[PDB]
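In: Everything below, folded, please.
(chains A, B, C, D, E, F, G, H and I, ligands or ions: 5)
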Amino acid sequence: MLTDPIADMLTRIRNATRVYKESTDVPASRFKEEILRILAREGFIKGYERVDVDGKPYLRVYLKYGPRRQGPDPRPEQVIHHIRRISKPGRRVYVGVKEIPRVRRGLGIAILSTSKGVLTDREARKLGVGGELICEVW
Amino acid sequence: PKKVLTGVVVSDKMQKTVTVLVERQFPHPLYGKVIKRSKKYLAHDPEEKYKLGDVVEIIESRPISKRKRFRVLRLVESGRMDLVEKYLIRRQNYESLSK
Amino acid sequence: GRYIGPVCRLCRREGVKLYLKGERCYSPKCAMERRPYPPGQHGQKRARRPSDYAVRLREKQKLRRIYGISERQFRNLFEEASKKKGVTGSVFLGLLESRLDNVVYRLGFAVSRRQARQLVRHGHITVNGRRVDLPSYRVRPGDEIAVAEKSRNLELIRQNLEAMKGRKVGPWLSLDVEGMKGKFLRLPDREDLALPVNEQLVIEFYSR
Amino acid sequence: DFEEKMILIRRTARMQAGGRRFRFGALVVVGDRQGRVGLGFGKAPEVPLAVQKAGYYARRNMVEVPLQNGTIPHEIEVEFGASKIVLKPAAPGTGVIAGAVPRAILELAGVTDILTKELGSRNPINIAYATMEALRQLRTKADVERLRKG
Amino acid sequence: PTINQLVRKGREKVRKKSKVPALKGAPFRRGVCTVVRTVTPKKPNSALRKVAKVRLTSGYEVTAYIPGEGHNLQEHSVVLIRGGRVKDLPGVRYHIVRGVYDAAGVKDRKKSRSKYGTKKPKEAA
Amino acid sequence: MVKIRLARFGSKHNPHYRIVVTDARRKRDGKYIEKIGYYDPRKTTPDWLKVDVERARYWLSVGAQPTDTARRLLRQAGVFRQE
RNA sequence: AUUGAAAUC
RNA sequence: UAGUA
RNA sequence: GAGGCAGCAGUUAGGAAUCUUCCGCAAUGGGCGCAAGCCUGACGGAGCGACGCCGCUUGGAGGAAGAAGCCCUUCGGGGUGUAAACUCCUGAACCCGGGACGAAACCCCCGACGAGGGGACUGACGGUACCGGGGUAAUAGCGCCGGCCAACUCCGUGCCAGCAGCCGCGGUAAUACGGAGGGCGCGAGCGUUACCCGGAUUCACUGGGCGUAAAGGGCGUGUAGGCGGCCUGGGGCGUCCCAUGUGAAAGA
Ligand SMILES: [Mg+2]
Ligand SMILES: [Mg+2]
Ligand SMILES: [Mg+2]
Ligand SMILES: [Mg+2]
Ligand SMILES: [Mg+2]
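Out: Numbering: from 1, shown residues only, chains lettered A, B, ... in the order given. Ligands and ions are numbered 1, 2, ... in the order given. Please see the structure below:
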């Protein structure tokens, strides 16, 4: 049926970015929109925007890459190196402010859903809340 | 505080008494997943007032019997023959689990 | 109890002159002058590329053999320094350097750590008046490590206190020469000693 | 110039018509101990040309090691084949705590404070190669600022 | 396995078993000798290797090995056993301890004197 | 009956007591209801005796007989001294 | 005796 | 036939 | 008929193995007594075990281009080795002298049977600790040296005798066996056997896998169970946050 929408998305982005595509549709939800803002705000993507495709709501996603590169294999470095579900339908992961992960001594995100709303780790830490630990990007 | 549990009546086939199934969910001590677990409690019903499919609160009490230690505090909602049915199959399932 | 046996003999084997025999291991021989090589039938034989273990070992032997202390005692001191706040190798050199039997020798009341030990056991040395006969005693900073008034007379105390009339003393120490007493001002920094031993190989020796 | 250490030398063997026929494999690292190391695995009829050959290759094969006071920016894991290396930053006083192979690469890069585990197949060649990829792949606040900027 | 599976079945603990029933753990056990055969080994080896069968205070009857140069053991000898495989002798999982009971030390033994059980000598000593 | 009294801590030839309240029937070094001081009979320290005296008064107030030597020490820090 | 042996004289 | 590259 | 040490000692038996039929109620605690006191193998001590942890001794400084002996030797030499000898120095042990804290209460006297003041009795450890005086060069062993793992040579022995944690050493030139010399490691210890966690991400939550390496059920149907698309609203069980209670002492 489509068991995890959030993961599907996290993956559509993993997959597209690895053949250096410019854009990617994902079928649209509010919670999906949210994660994308944090993604955009921390400059892992250029951004997103709604659309309609065959009568139906998608969110186009504008990926972003490094500069073309030197020697044999000139493929760019990649702005999103690592994106990964953590809470999952078959095993939900919840953490309190005291146990929030510090992805990659600082250089990394951990998107994280709380009662104050969807938030990065430092956001959440400073707001002092924890929650369902959605995923991590670096 | 005297514990208050809420469940469903799954038997009133006993005089002044009801079997009340009570579920409960939690993180698993090692493996994360939220699991469910459930328990019948025999709760006292002096006015044989509650019946099949009532969802009821349940309270810690001074012992009424061997294994009655709770009293039906109040009705939460009537109906719920689904939950009762859900139970009752799981019970009749055990019939072709033997040798 | 402690080593006891042939010595300027690892003023050999460890490859570098250890100061162990004091006035002679200074004057055409810590035999290292006459024989700069390992002891025994195979001493001057073609050297063998040695293991990253053999290397690490030797180094800790070296350090331990300088101060004359045992492996049991040494190993503990080290353990104590890992659990202690701060960069660990230095600290250990610190604690190692704060042992009476060695401060006494750093002040030149004796010419040898071996000799300086015997002065501590045998009574002749004090810590702020009170007499102290444990070579292992942790001199802290502000202490006064004196000679025994009843021991000043001794030929050996005099002869040795005498050669210190001119001589200079460690930056973390001082020395009133005619009052036959000195002072542990602070614990030394790695920089302050010039020890023939890379300390980080010691840490590494005890990480397996 | 650099300082150059030999990790490993091995003798291999092809089989030929009556008799076996040896050959020698050499793993060498070179470093200035200030965030430039290189690895070379060179092979030949006799050991010294293997070693010498290794040396040459190792200098053709150098890396950006972004030190941060005797340690590294962050943690990496790398799987190279069924060889996994895990690398962790440590405070001063810690040391280089690894097995021969990554120690000698890390020491000569100019690291003094790191935590590691050799995981999976511990084959030295493949472990060595993994450590390098691991190094080759570290970043710093500067680089990720730059990347995420646009 | 899926987490649900792990929640249903768990992982199973690994329990490896004793390489040596000298029963009750016991670091040693008392024997009375029974037979003092001589055994030929295996694999790529040959030599006549000294052995005893031993009735144990465990109720066990087992083949143990007499180490050292020569020995003084026979049908009623009475030995201590420490366990220690041989390797060349399949089914030989224990050793006789030289120097306790009617097992002799080892005469004229100068090097590994502590094993083999032989007191310090008095030559130029 | 509940007691204020001395429990032996320290080591051998190093007595050190803790002035404790406890049920009389408990062993000496067993579970006490409340610490209320300590005491070093060799006075090897400048501070060889100490007593939380507001607390001592509390228990006395709810009936707790002290050992005889518990009460000596209690006195030294004037538990019973008035006005 | 033959190769270190087993076999064999 | 056994040990042995 | 009598009896019941899984109280303290101690005897026996099983067992690889586990102590004195000890001193004292002086201290703390307990019971009865108004008190003096009586009882307490609780306890406080001593005795035996290197059984564990910590401290310390068996010397210190001089001392040959280097004794003797013993080991190597391409017969020149090399090693043990500043090690001994021997020169001065200090003075563990041992002898003499003095000598504790642990104990101030209860009790008695003043006061009032209170508060406060005064006073006396009491030490099993013990003539011990500690202080002063005198004063003798005065114990070293165990494991290891093929690789992993730190340390090599000569004899002996010939798939024998034997070693061996694992790979494996021994068939007349053995750094792997046995002895020598020498060397390495620990040192009043050093080895061995057993058992536990480790390394073992080798039950993998952190942290594993299944085409051919161990591993996809012979296929469906579907019961329970696990899991569940987009939007809005109510509840607040899961989840998060703040206060507060609990979390004994010992341990870390
Ligand atoms: Mg064979
Ligand atoms: Mg041996
Ligand atoms: Mg494990
Ligand atoms: Mg199939
Ligand atoms: Mg189906």
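
In: got a list of what whatever residue of chain D ends up closest to chain A touches?
Out: Taking C-beta to the nearest C-beta, chain A has its nearest neighbour within chain D at residue D:148, 3.6 Å off. Placement of C-beta: from N, CA and C, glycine included. Applying C-beta atoms under 8 Å, 6 or more residues apart in numbering or on different chains to residue D:148 gives the contacts A:42-44, A:79.

In: ranges for the helices of the chain?
Out: No chain was given, so I picked chain A. Secondary structure of chain A, counting by DSSP state H: helices at A:5-18, A:30-41, A:121-126.

In: my question was about chain E
Out: With DSSP H as the criterion, chain E has helices spanning E:3-9.

In: for chain B, same thing?
Out: B:81-93.

In: ok, now which ones touch the residue nearest the centre of chain C?
Out: Nearest residue to the geometric centre of chain C (C-alpha atoms, centre = their mean): residue C:67, 3.3 Å. Residue C:67 makes contact with C:96, C:99, C:102, C:113, according to C-beta under 8 Å, 6+ apart.

In: what does residue C:160 give?
Out: C:108-111.

In: could I get those as JSON lines with neighbour count, secondary structure and distance to RNA strand I?
Out: Output for the contacts of residue C:160, formatted as JSON lines (neighbours: other C-beta atoms under 10 Å in any protein chain shown; DSSP: H, G, I helix; E, B strand; the rest coil; distance: C-beta to the nearest atom of the strand, whole Å):
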{"residue": "C:108", "neighbour count": "18", "secondary structure": "coil", "distance to RNA strand I": "12"}
{"residue": "C:109", "neighbour count": "27", "secondary structure": "coil", "distance to RNA strand I": "11"}
{"residue": "C:110", "neighbour count": "23", "secondary structure": "coil", "distance to RNA strand I": "7"}
{"residue": "C:111", "neighbour count": "20", "secondary structure": "coil", "distance to RNA strand I": "5"}
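
In: ok, which pair from the residues you listed is furthest apart?
Out: Among the contacts of residue C:160, the pair separated by the greatest distance (C-beta to C-beta) is C:109 and C:111, at 9.1 Å.

In: quick one, domains of the chain?
Out: Using chain A. Domain assignment for chain A by curated CATH domains gives A:3-80, A:81-138.

In: my question was about chain D
Out: D:1-64, D:65-139.

In: For residue A:62, find the nearest of the ones you listed.
Out: Closest among the domains of chain D, once you apply C-beta to C-beta, is domain D:65-139, at 22.9 Å.

In: touching chain A at all, that closest one?
Out: Yes: interface with chain A: domain D:65-139 contributes D:73-75, D:89, D:139 (C-beta under 8 Å from any C-beta of the partner chain).

In: Show me the residue sitting in the middle of chain A in space.
Out: Short answer for chain A (C-alpha atoms, centre = their mean): residue A:39, at 5.3 Å.

In: That one and residue A:67: what is the separation?
Out: According to C-beta to C-beta, to the nearest Å, residue A:39 stands 21 Å off from residue A:67.

In: Can you tell me the SS state at residue C:146?
Out: What DSSP: H, G, I helix; E, B strand; the rest coil gives for residue C:146 is strand.

In: That one - nearest residue in space that isn't next to it in sequence?
Out: Using C-beta to C-beta, 6 or more residues apart in numbering or on different chains and skipping the chain neighbours, the partner closest in space to residue C:146 is residue C:181 (3.7 Å).

In: For stretch A:74-94, buried residues please.
Out: Within stretch A:74-94, the residues that count as buried by 16 or more other C-beta atoms under 10 Å in any protein chain shown are A:78-81, A:83, A:85-88, A:91.
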